[PDB]
Structure formats: structure tokens, C-alpha cells
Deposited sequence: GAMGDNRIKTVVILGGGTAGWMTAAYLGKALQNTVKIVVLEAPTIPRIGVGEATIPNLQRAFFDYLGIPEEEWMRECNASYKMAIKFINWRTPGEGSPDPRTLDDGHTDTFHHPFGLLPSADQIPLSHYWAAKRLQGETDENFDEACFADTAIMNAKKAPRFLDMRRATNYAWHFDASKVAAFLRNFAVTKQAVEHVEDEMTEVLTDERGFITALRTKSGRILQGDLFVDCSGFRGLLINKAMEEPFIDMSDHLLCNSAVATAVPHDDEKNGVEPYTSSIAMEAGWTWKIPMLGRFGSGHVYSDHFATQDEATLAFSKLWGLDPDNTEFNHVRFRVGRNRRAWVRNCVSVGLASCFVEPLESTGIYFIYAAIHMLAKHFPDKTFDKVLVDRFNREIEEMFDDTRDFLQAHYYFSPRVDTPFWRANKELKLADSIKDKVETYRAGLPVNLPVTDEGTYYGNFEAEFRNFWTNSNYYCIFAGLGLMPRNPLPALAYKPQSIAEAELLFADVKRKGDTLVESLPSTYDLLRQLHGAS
């Protein structure tokens, strides 16, 4: 028997306990699993947003019903990120300004799928009408019924819990971590050691053989997962793997965050995350029951901590001297290699970008999924390690480029921060996609439909034509001209008009018949 016998996970939180719970299921109790977690002083729950495959890819794999975990972490529903004031100058404001053409400066990035007509996505029929002066509608409201539902703050399910739209989740990440810790310990025989690490013991090749704890106990293991956060205590410190700083692609490196009590009954509950543009970054709004989490992400080369705190405070009318804040400096980028020898980094110890498209928990599940797939024995086949590393770096760099496009194509030039974004080099992959987009062509057509988007189908097709249209057109970047094939296809244009009319009918119907997000949440948590 040459198998891995013991896996030691360094660090708790969502990364450590997702890893522990997932491997507990994937390895079918043939492996001992140990989590070494230093006890931590609780932080205020500033909220976390996610993407729709979290339930299918992670909680269902574990056999955990959606409503069961939701009720343990104050979770709410998310149908999109709503971007506010990314095109107009001025101070941070929760309220959207008005563009010069009279439109309000908001656009949505929903999870809905785009239909097509004659194998051409609905986005392209919209762009043709918009460029030809035949519609004044925005892309998001023309092409997604979800837009009208979000404008009315209606829920993504009926009260009888029948699904109406696709959606993901807002939640308190420390409560999810605590939920998963309890599951892993009581249902999967994970050993939880509450102690600090003092020594990393290695063999002549630099493979880790054990971790020593502060109490002096030695935790032997065969494979070690670094979930220690930005410090990368195993992968960076002990293993000396270099971290590749990518602040030449993304400027924001800091956040100041809190949780704000919210009057849900007076204001309702928004079924979406808001990304509120600031002078030196952006601020997230993550509604939950009774409160929303909020954090100002900024570059400390363009705002001091006090400047960012005061603008964040003024955003919500908070007393900057009488409110509890969490401050953090980010590490933006990724390790040269995510997995070195018998040390696999997961979460922030592996890589990080700001949560501008809610990908943080996804990077964790994707890594643990790829680890289970590439799971080694004690010979540590270097091809397994290399293919794992290739997957992590391509996943990360692709989302990094997608995020840079949010800043590079914002029309804002009113502060040093917004101008500095346009002095950055655009990655070649986005330059290529923008050139494709501007010729009128689709960008990364999706391959499957609602259901399959099957973890592999989504991992390989992560940002598709719909996503690039949401961000490019939302920011005001248009194709130079319509897709030229449309000029030859009068019947396909007519067929797309009927699709536009179906989107209107469905959104109208659902806006009238759905319960409020507030009412669905009261029932779910009541």
C-alpha cells in the first residue's frame, strides 16, 4: 500500500473546512484528515457573494440541502452583480448618477442564459438595433428577464420554492466555515487540532514530513494543504515558492469593511450584489436578513486608510469614530506554482483577486475539485502535480484579465486612480477578445445550456459571450458595427424580435407573480 494515509490541512476558515469536508467525501474515509487551526478572535461578518454552481458542485456533493446550510449562515439570494456609477465622475454614492444621454448609470451582470436565433446570440440582435438607433433599451433589460425581476426586488423562487430564475448566494462566511467545521468533525471523523504551528519538518528533498504545534505535539502527514491565508506559511515561507505579484494588472490592494443593520421591512431586500464605484476603488453591498455586508476595496497608493474609511463611512452615513471596521491589505496575484512537492495551496495561500466578480469561494472549490482529481500516491507523479498547477494558473489568469477589463474600459478619468487604470498594459488575451467584440463577433460562445453548466463544462467555459457583453456594453463599449451576417438575414432578425418579446412577457409575468425577496427570506429563516 503506497497510498497517502494522512492529510494535514493548515488553517480553517472557508478554505480549510471546505477542503476538509470535500476530501472527507472524495476519499471515502480511506485517509485520515487533520485540520490544524489557530483559535481566532471573531471578526464582524462583512458578507460574501458567490456564483450559481456552489450548491450543485459543493453542497450537493456533500449531501447538504440548500435550505439547511442557508438557515445556519443568514444567507440570502443573488441574481447578479449590479454595477453603479462605473461610467460617471464624482464621489462615491449609493444612488446612481445620470449619463449624458439620460440613462441612469447602472448595469447588471446576471446569471441568466442568452437565447439565440439562427445560432446568433440575442446580444448581437440587440447591438444591431442599438447601433442602428432602433432601440433605446440597455443590453441587460432587453436580453434578461432577470433585470426586471431585480428592479422590482422580487425573489428567484416562488413561496412554494419552485424555481423562477437562476441565482447564487450571499452569506456570512464565518458561519459557513463554522457550519462546515461541525459537519466535517461530527460526520466525517476529521480531527480538529486547535493550536498554532511552530515548525515545519522536512526530509532531504524538502518534502514535508510533519508539523509541530505550540503545545509540542507533532502532526505527521503525507500530503499537506496550505490554507493559512495570505501568509502562505507552508507554500511560501517553508517551501519558499515565489509569489507572482500582479499589481501591474489590478491596482486595488486594500479593503475596509463592516456590517450595516438594515430596515428590510421598509426598504425590501435586493436580490443582488451591488458594486458601487468610488473615487479610488469600489464598494460592495451584500444584503442579508436584517443587515448588509459592505466593503470599500481601494488602492492604498491612491487613498490612505483614513481617506478610504471616511469615504466608505460617508457612503452609508456611518460615524467613522463609532463604527466597527475590519481593515485588510490584500496580496494580489498567484504563486509561481500552486502545488510544490507534497504541499498544495488552496484559497488565499494560493492566489487572490479582489471580489469584483464573486469568484473567491469558486477558486477554493475548483482547487479542491482539481486536487481530488489529481490526487496522488506517495510517489507524487510530477505529471499530476504539473497538470494541477496548469489548471490553477489558467483559471486565475483568465479571471484576472476579465476583472482588468472592468477598469480598463470604464470611461472614468476623473481621479488619479481611474486614470492610472488606463496606463496599465492590457493583457493580450483581452486585447484579442476586444478586437473580436468590436468587429461584431461573439466572444467565447457557451457550449451547453442551463443544466450542464457538469463541473468540467463550466470550468472550461467560465467567462462566455453573455458575460463579456454584460461588462463591455454595460460600460458603454460597443461593437464598431453590427455583425455583418445580420445584413443578409431578415428572417433571423424577425425571429429575434419574438425572443425580445418573450423576455418582456416573462419578466412582466414574474414581476407580478413572484414574492418579494424579503418575504421569501422571512419564510426561509422564520
| query | finding |
| --- | --- |
| Unmodelled ranges, which are counted on the deposited sequence from position 1 and given in order | 1-4, 458-459, 533-534 |
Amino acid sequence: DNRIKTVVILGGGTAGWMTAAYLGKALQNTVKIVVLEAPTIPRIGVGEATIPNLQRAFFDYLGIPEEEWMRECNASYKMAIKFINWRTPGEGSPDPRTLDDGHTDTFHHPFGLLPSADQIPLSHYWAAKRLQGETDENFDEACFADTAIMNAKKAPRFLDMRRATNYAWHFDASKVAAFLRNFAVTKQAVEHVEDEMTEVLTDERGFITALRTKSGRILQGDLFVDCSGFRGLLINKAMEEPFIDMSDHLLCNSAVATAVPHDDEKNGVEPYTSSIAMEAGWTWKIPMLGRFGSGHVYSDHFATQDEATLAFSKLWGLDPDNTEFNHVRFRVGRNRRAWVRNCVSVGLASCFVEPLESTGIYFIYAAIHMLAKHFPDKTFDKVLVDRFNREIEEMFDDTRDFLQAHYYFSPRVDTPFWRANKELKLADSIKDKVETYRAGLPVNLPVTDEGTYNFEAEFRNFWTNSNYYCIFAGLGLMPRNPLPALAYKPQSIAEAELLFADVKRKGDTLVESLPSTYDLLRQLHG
From here on, numbers count along this sequence of modelled residues.
query: Entry-level comparison of average CA B-factors, 64-72 and 471-479, reporting the higher stretch; finding: 64-72
query: Mean C-alpha B-factor comparison - 187-195 and 385-393, higher one; finding: 187-195
query: Candidate residues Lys378, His374, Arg334, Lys82, the one whose C-alpha B factor the record puts highest; finding: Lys378
query: Residue, from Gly360, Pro261, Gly229, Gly206, that the PDB entry assigns the highest Cα B-factor; finding: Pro261
query: Modelled-residue ranking by C-alpha temperature factor, third containing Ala177; finding: middle
query: Third of chain Cα B-factors occupied by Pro42; finding: highest
query: Where the record places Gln55 (Cα B-factor, split into thirds across the chain); finding: middle
query: Chain third (lowest, middle, highest) by recorded CA B-factor, residue given as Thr165; finding: middle
query: CA B-factor placement of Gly507, once the chain's modelled residues are sorted into thirds; finding: middle
